[PDB]
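Proteins come first, then strands; the chains are lettered A, B, ... in the order of their sequence lines, and each starts at number 1.
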Amino acid sequence: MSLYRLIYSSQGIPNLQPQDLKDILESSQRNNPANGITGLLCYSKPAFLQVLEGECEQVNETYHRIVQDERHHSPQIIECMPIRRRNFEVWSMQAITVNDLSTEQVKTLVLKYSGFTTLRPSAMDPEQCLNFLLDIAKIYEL
Amino acid sequence: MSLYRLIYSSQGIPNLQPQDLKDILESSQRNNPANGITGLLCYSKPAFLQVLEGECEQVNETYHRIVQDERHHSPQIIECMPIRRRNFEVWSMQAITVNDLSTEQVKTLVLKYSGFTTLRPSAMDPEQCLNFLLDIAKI
Amino acid sequence: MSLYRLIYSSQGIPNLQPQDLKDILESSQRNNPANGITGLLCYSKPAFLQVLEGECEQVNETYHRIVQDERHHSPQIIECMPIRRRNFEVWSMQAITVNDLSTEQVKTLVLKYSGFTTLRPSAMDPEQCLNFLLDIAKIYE
Amino acid sequence: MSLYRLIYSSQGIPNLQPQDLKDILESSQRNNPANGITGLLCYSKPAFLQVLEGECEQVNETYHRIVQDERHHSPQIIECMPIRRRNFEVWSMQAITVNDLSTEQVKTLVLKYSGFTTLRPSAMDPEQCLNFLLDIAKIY
Amino acid sequence: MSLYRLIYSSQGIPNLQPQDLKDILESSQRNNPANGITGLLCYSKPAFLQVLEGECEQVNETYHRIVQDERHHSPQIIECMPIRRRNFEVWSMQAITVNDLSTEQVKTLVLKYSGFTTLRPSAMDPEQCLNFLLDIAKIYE
Amino acid sequence: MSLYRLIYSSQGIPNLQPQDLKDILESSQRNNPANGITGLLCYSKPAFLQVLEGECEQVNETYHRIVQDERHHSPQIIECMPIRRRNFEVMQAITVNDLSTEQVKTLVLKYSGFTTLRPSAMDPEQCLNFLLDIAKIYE
Amino acid sequence: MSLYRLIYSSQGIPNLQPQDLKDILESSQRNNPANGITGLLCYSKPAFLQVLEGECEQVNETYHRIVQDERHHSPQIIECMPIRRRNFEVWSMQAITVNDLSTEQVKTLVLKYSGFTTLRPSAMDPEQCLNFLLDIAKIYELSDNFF
Amino acid sequence: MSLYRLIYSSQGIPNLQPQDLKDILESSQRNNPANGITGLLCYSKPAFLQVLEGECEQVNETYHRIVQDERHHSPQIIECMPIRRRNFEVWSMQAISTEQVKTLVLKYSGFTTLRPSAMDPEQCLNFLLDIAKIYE
Amino acid sequence: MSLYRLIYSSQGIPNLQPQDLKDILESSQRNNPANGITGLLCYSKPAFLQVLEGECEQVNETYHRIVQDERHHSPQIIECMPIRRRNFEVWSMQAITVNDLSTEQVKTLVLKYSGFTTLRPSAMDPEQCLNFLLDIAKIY
Amino acid sequence: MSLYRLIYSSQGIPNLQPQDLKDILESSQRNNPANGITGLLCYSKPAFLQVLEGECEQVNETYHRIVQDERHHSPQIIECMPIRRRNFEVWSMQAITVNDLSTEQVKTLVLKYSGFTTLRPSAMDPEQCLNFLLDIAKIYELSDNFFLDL
Ligand SMILES: Cc1cc2nc3c(=O)[nH]c(=O)nc-3n(C[C@H](O)[C@H](O)[C@H](O)COP(=O)(O)O)c2cc1C
Ligand SMILES: Cc1cc2nc3c(=O)[nH]c(=O)nc-3n(C[C@H](O)[C@H](O)[C@H](O)COP(=O)(O)O)c2cc1C
Ligand SMILES: Cc1cc2nc3c(=O)[nH]c(=O)nc-3n(C[C@H](O)[C@H](O)[C@H](O)COP(=O)(O)O)c2cc1C
Ligand SMILES: Cc1cc2nc3c(=O)[nH]c(=O)nc-3n(C[C@H](O)[C@H](O)[C@H](O)COP(=O)(O)O)c2cc1C
Ligand SMILES: Cc1cc2nc3c(=O)[nH]c(=O)nc-3n(C[C@H](O)[C@H](O)[C@H](O)COP(=O)(O)O)c2cc1C
Ligand SMILES: Cc1cc2nc3c(=O)[nH]c(=O)nc-3n(C[C@H](O)[C@H](O)[C@H](O)COP(=O)(O)O)c2cc1C
Ligand SMILES: Cc1cc2nc3c(=O)[nH]c(=O)nc-3n(C[C@H](O)[C@H](O)[C@H](O)COP(=O)(O)O)c2cc1C
Ligand SMILES: Cc1cc2nc3c(=O)[nH]c(=O)nc-3n(C[C@H](O)[C@H](O)[C@H](O)COP(=O)(O)O)c2cc1C
Ligand SMILES: Cc1cc2nc3c(=O)[nH]c(=O)nc-3n(C[C@H](O)[C@H](O)[C@H](O)COP(=O)(O)O)c2cc1C
Ligand SMILES: Cc1cc2nc3c(=O)[nH]c(=O)nc-3n(C[C@H](O)[C@H](O)[C@H](O)COP(=O)(O)O)c2cc1C
């Protein structure tokens, strides 16, 4: 019913290739529009960080389906709450890799909101997660 | 006396034609100026979403007249409260249709405040309804 | 779906007797329960002040039905909004008459939230109506 | 329409007596009920401090009538504003005299909101005025 | 003593001419400098809306003088309070007529803070009055 | 690491029996202490509504273990967030239906639209307040 | 006009005797109540800490009178500002002495608001000074705090 | 060693000549910089109004020195308190026509002549900050 | 000069005996009074949790002298800041050891602010730490 | 885990030449990146004022290592608390000499937050130190002013 946001992180499996993230993105871009789901996925080997926005029932359907995926494990819900309005509404889904090859502007962003230059969501509170995702969206948009 | 704003939604009757939407707009534009009413009507098949601003007595009189209109049914008052100042003061009544022929800019605005690309007032709270309406008035 | 409150006032017909009010109470106490509606009606000749709480769809269904009642006219919605929780949850409906013959305590309460000792709903803001209705529900009344 | 409170002070004519305050009281208690006015009057030689509460129009009517009374001059409105609810509702009007011969508990209240033990409205702000009057009403 | 603002409205007598408002304006612009009074007056037939600023003592002195004026009646104090700083300090007094001949911009402003396009202080709360006066003075300029 | 609270609802299977409720209770009370999980489970046929409290990692492990339970479906997370202190800090379970006391029904009505518990129609604050109030009036 | 509070500290001249302290408090009892001043004087040898509340003009007249007293030097205004209401109550006739033979309760109160068991106003902010003075007035029981 | 602000008013002696104000100016400009005192002294016959900013001990030393000055009497501390930061990066003096100045004295007080006894601390501060702007 | 609080946690060395804890507590109760330090110490093997109150200079000198003690390592400052007033003014130092054991009175407090019944400082933010210590002292 | 900021001041040894400051900056810039530490060091003879930001564990590790440096003594922690985001994230370490030879612009920032034109960290409360440091970081591009002063 109500407009909702869910932020979670997970451990990618050890063997993940760049093609595996193309298969996640394409699936998400195929399923998400029809469900009202918008969002952003960050990968920083081996951690995933994703925000999902949408009707509560749809966000939940999508999350609990994602939890069942064989390409990641130990999902940790970081925040889930009703929202006043969407922030990621221009993307059914988008994917960003944050690594050592990343732009200095991007590295300085990871640091602005966390302890290290490599993204580790398990060490960030919901507001730091949301703000990182907002700012990094802002520099890859659209 | 007191300046008020009422937001409500309703379900248009099934066979609502383009002429129907036009005479609703024409009625509101001739009646509202005289009663101090301003606002915006949005129509998203089959739902209507309207904000009315004016003196409490006038907003109530206007609203209870609209309620009796044969072209819609099941009105749902979403918010009715006194307000500090108007936001739609330049329009006695403005109408927008939000549908599959709407621009990505509109579809995106509907998405920003709700579960889908199609407007469904029943799935929005008062602040979401008002902000959608304020933003769409800002094209 | 969501929990709502609607407060409104109306003008009763000049022809309102003991039996018409009791008929309103009876109808409301019969219909309100099945629809999850709770609240309180006050009658201060000639005015009605009523508060309705419940699911948005129900509140609206009940209100728009009440507006068709020939026993009053010129309904004025005072406030309609989502609420954190109910305050009248114990009564599907109750009806108080507030007038000249009312208790000094009740009179003083009316004066607490308005200009006079006779209840005139069109001279109160939403917070004053609500608090009046909360305090008089507590007295009983 | 709107519920209002008006607080003002004035200078009473030099030699006001218990009886002068008694008929002010009797005048107010007959007039105030029908106008739905409530409130409290303080006299601290030589000055008056009154709060009036009621419908905007009635508060204004009452105040502007009072201004014309011969028993005082130089009225100063301290505060006039809409209010959420009344604080002096049980009293159409009461009068308390506050002087050097008062109770120690009342004297202590004067001191709490002002520079001296004599009540001097002109030397108090709107919040100090209302608060004095609220505490004063509380011990009555 | 303290810096104060008083806002009131009143009813002008039935047939006020532009010359009466000039006289009012001239009287105020001669008396107000010396008393440190500043403010703005609007006339919206038949009503007056004025804001006065100055020392509490002088603001009361001026207001109780104005109230004796035979050119209006039934004065209503809308607000009287201390203030941190003046907003009308550039003008000893200015007078503006707000009626059905004012510009669209002025009419729109009246609508922004009130139920109609004609200015009726009785229909406005103190915040609405103050904001109307700040905004209209800004256009004037 | 961080003290968290998660509130969710779900749909019990149609053939749930009081013995299943007792089995859920036995299991919880065996698993929760060692994991430092506290909270309250409520059952209003066919709906469950649970709040969990404890460390982030343990709330997540317990929640995702619960999601796989075949005695319910369609979980819907209502709120998940860090908290400054526990409210419950003693798993208790309670069933809340149209046979519960007139005291419980009045409590259901206080936070929602009807006398029967329907979490889908309550926001996070109403859910939590309901659970506290229902716990308060029990043990 | 306005209701004011002033808190100040000073350094009493060396070897101030109890009779001098008595002379000061006799003067302050003589003048303060007539001037509508309430407050307290504390003495933690050699330092004075005093609060004065009352009408701005009186608090100032009193303070600038005190400044000229030859029995202390280096006055330091800690705070002076308009207040919404008084927190003392009366002018405390008795001064409080706060030193190393003070009760464990008084010493604990000094420690609650500063770094040590001896009272050093130069180490405290205006709110610490006020709260100390309020708590000590409560224990003595000179005043509290209009109930 | 806390950063502090003190605002006070006083009445200049009836005999105050332009050279007295010049004397005050030159003493303060020699002393204040070495004591880390910034602020502003305004004089409009017969009132002085001054803000001093600096370390507590210096602000107090400077103020109580000023108190002993024979060119004014009846000092009234209007405010004295710790501050988060300074608002005057330098020290200045201004003696107060025209209408801009009229308008300014009015903006934060009841009359068109400067009367500190009728202004609260925030009014005094903002007046002093603004008058530094219309000059200075 | 200024009134400060510092809360820190550290890791005791593997083989601490109850005697060593007495030696720390005795040393602290000997040294703190003269430096104006008050506070509270817990040992939940292996973790130490201490709050130190006092003048900034003394709090720091004591903290840094403590860091050098051979009976713990890895000190983690959790919060350090000026405070309005002390909350532990009555104790030069008190030590809470395994009457952390007190079943669901003290264990009840630990759960109230953290994930488990056993006290682990690294699992608590500054506010949870202070509130725990405040509640624990209250019941003493 | 938690993102933290630590501000402290210490007394530098009376010897310190520009090479010593360079050696300090050099170690910090080599060590800090790996540790996720960022911040700013000011040297106002004889005093240092530093802010460190990073993970609580790493900030603490770095700080207690620094305390053991023979080039200063009497370290005083001014504030240590969790933070919502970094403010000094641009440099692993930036170091600025702030003294009587400083620009009038710098001396004005010093005076804005304290009693005098000479930076004396103990004459400043935590918010004053913080704001002072933020204002300095604002005006200095370059990770130091030892080679060029603006
Ligand atoms: C990190 C991660 C994030 C994912 N995010 C989404 C999502 O945004 N939307 C979605 O439909 N599937 C998402 N999935 C993919 C689904 O788990 C699953 O692969 C998808 O339902 C396959 O559907 P398909 O066969 O139609 O392509 C995600 C998977 C992973 C591992
Ligand atoms: C969704 C909808 C919105 C309407 N909004 C307004 C309105 O804002 N103002 C108005 O006067 N009439 C409004 N009406 C039109 C009235 O229902 C009614 O037809 C009209 O006031 C008739 O006036 P007339 O008979 O003079 O043409 C609305 C009708 C519909 C169904
Ligand atoms: C002032 C007033 C208040 C009323 N309030 C309610 C109400 O709370 N609930 C309700 O069902 N009917 C209420 N009604 C009565 C309805 O108008 C209507 O008569 C009722 O639904 C008739 O149902 P019945 O024919 O089954 O008796 C109210 C009527 C009036 C005049
Ligand atoms: C300070 C003071 C307060 C007064 N307050 C009231 C009042 O509250 N209500 C009122 O009717 N008259 C009040 N008056 C008295 C009126 O001025 C006047 O005497 C009286 O209302 C005349 O009424 P009467 O013709 O019924 O005797 C007050 C007079 C004074 C000087
Ligand atoms: C609505 C209106 C507003 C007025 N405002 C002022 C005012 O601001 N200042 C003033 O001195 N007189 C004002 N007056 C005029 C006075 O009522 C009065 O006639 C005038 O001050 C007489 O003073 P004089 O005899 O010295 O000329 C106003 C009058 C009206 C009716
Ligand atoms: C709606 C519902 C709520 C549950 N809540 C909890 C819980 O609070 N803690 C828990 O350990 N298991 C909970 N479970 C039970 C688990 O799903 C699972 O059956 C159980 O933990 C297995 O433990 P066991 O086999 O060792 O007994 C819940 C199950 C259901 C269906
Ligand atoms: C530390 C100290 C505090 C004082 N406090 C007050 C006081 O609060 N009120 C007062 O009148 N005099 C106070 N005085 C005394 C005055 O300096 C002065 O001696 C007094 O005004 C003399 O009045 P007398 O001539 O009646 O004795 C204080 C003196 C000292 C040194
Ligand atoms: C109203 C007024 C304001 C003053 N302000 C300052 C000041 O800010 N700084 C200062 O050193 N002296 C100020 N003084 C001057 C001192 O009273 C004193 O005369 C001066 O500091 C003596 O220094 P000199 O002996 O070197 O000339 C002020 C004096 C007056 C009357
Ligand atoms: C965890 C812990 C807490 C301590 N707390 C204090 C303290 O609060 N005050 C203190 O003086 N020493 C404290 N110490 C002990 C000092 O490190 C040191 O051993 C002792 O104070 C030296 O004094 P002594 O040689 O006179 O016995 C603490 C030590 C440990 C490891
Ligand atoms: C005031 C001052 C600040 C310092 N700041 C840091 C710092 O931020 N990071 C760091 O690694 N070392 C810092 N140090 C230097 C360390 O104490 C130590 O010399 C260095 O980390 C050892 O690194 P090395 O392997 O190059 O010898 C600082 C030293 C001083 C005296």
Side-chain angles (χ1 to χ4, degrees), chain B residues 64 67 74-78 80, chain C residues 1-10 12 16 18-21 24-25 27-44 47-69 71-73 75-98 121 126 129-130 132-140, chain F residues 44 96-118 121-122 126 130:
Chain B
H64 295 278
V67 156
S74 297
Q76 306 289 307
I77 304 161
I78 290 181
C80 185
Chain C
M1 58 305 149
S2 142
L3 186 61
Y4 259 69
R5 176 174 73 217
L6 179 147
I7 305 176
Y8 79 90
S9 65
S10 63
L16 251 249
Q19 260 297 327
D20 299 334
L21 265 163
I24 295 159
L25 223 221
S27 294
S28 70
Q29 294 195 136
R30 179 163 25 68
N31 302 319
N32 287 8
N35 302 322
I37 294 297
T38 55
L40 166 65
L41 178 77
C42 291
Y43 185 62
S44 167
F48 285 112
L49 177 60
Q50 182 176 40
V51 57
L52 300 157
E53 299 170 326
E55 182 197 44
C56 182
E57 192 195 18
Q58 303 321 123
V59 164
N60 279 112
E61 229 160 336
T62 299
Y63 176 66
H64 294 282
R65 178 158 27 87
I66 295 170
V67 165
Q68 292 151 222
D69 206 298
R71 284 162 305 199
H72 66 166
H73 63 78
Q76 308 270 318
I77 304 154
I78 290 161
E79 183 172 80
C80 183
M81 60 177 251
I83 56 178
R84 291 263 229 90
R85 59 165 193 68
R86 296 204 205 218
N87 300 104
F88 304 93
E89 66 270 10
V90 298
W91 308 319
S92 79
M93 189 52 53
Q94 213 76 25
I96 305 312
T97 73
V98 175
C129 297
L130 183 66
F132 169 70
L133 288 169
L134 289 179
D135 296 358
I136 204 170
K138 259 99 101 170
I139 69 196
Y140 268 138
Chain F
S44 169
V96 161
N97 46 222
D98 246 37
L99 320 174
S100 308
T101 319
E102 283 271 50
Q103 212 199 306
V104 181
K105 289 155 174 161
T106 310
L107 206 213
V108 182
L109 215 58
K110 180 176 142 211
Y111 294 106
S112 66
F114 286 79
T115 182
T116 66
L117 181 64
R118 318 225 259 168
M122 293 166 86
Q126 293 175 331
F130 172 76

Would you say the side chain of C/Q94 lies within less than 4.5 Å of the side chain of C/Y140, judging by non-hydrogen atoms?
-> no
Decide yes or no on side-chain contact (heavy atoms from CB on, under 4.5 Å) for C/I24 and C/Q50, but give the supporting numbers first.
-> CA-CA 12 Å; C/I24 295 159; C/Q50 182 176 40; over 6 Å; no
Sequence neighbours excluded, which residues qualify as side chain to side chain contact (heavy atoms under 4.5 Å, CB included) partners of F/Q103?
-> F/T101, F/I137
Verdict with reasoning, C/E61 to C/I37, per side-chain contact (heavy atoms from CB on, under 4.5 Å) = CA-CA 10 Å; C/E61 229 160 336; C/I37 294 297; over 6 Å; no
Any residue meeting salt bridge (charged side-chain N to carboxylate O under 4.0 Å, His left out) with C/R5, in chain and number order, not counting sequence neighbours | C/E79
Partner residues of C/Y43 under the ring-ring contact (aromatic ring centres under 6.0 Å, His included) criterion, sequence neighbours left out | C/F48
CG-CD distance between C/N32 and C/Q58, expressed to the nearest 0.5 angstrom | 10.5 Å
Side chain to side chain contact (heavy atoms under 4.5 Å, CB included) partners for F/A121, two or more places apart = none
Considering non-hydrogen atoms only, spot the tightest contact between C/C42 and C/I136 and give its length.
-> SG-CG2, 4.3 Å
Any F/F114 side-chain heavy atom under 4.5 Å of F/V108 side chain | no
Got a sec, which residues hit salt bridge (charged side-chain N to carboxylate O under 4.0 Å, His left out) with F/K110, two or more places apart in sequence or on another chain?
-> F/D133
Indicate the atoms forming the closest heavy-atom contact of C/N60 with B/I77, along with that distance.
-> ND2-N, 2.8 Å
Test side-chain contact (heavy atoms from CB on, under 4.5 Å) on C/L49 and C/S44 and set out the steps.
-> CA-CA 8 Å; C/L49 177 60; C/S44 167; over 6 Å; no
side-chain hydrogen bond (donor to acceptor under 3.5 Å, both in side chains) partners for C/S10, two or more places apart | C/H72
Say you draw a straight line from CG of F/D98 to CG of F/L117; how long is it, rounded to the nearest 0.5 Å?
-> 11.5 Å
Please assess C/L134 against C/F88 for the test side-chain contact (heavy atoms from CB on, under 4.5 Å), listing each intermediate value before the final yes or no.
-> CA-CA 8 Å; C/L134 289 179; C/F88 304 93; 3.7 Å; yes
So how far is it from C/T62 OG1 to C/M93 CE, rounded to the nearest 0.5 Å?
-> 8.5 Å
Does C/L25 offer a backbone N or O that forms a donor-acceptor pair with the side chain of C/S28 under 3.5 Å?
-> yes
Does a side-chain heavy-atom distance below 4.5 Å link C/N87 with C/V51?
-> no
State, yes or no, whether a side-chain contact exists between C/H64 and B/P75 at a heavy-atom distance under 4.5 Å.
-> yes
Any side-chain heavy atom of B/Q76 sitting closer than 4.5 Å to one from C/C56?
-> yes
Is the closest side-chain heavy-atom distance between C/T97 and C/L21 below 4.5 Å?
-> yes
When rounded to the nearest 0.5 angstrom, what distance separates CD in F/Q126 from CZ in C/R84?
-> 9.0 Å
Is F/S100 reaching over with its side chain to a backbone N or O of F/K105, donor-acceptor style, under 3.5 angstrom?
-> no
Atom pair OG (C/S27) and CZ (C/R65), whose distance is rounded to the nearest 0.5 Å | 9.5 Å
Of all residues at least two apart in sequence or in a different chain, which pass the side chain to side chain contact (heavy atoms under 4.5 Å, CB included) check with C/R86?
-> C/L3, C/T38, C/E53, C/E89, F/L109
Hits for side chain to side chain contact (heavy atoms under 4.5 Å, CB included) against C/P82, two or more places apart or cross-chain, chain-then-number order -> B/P126, C/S2, C/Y4
Can you name the residues that form a ring-ring contact (aromatic ring centres under 6.0 Å, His included) with C/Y8, not counting sequence neighbours?
-> C/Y63
Measure the spacing between OG of F/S112 and CG of F/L107 and express it to the nearest 0.5 Å.
-> 9.5 Å
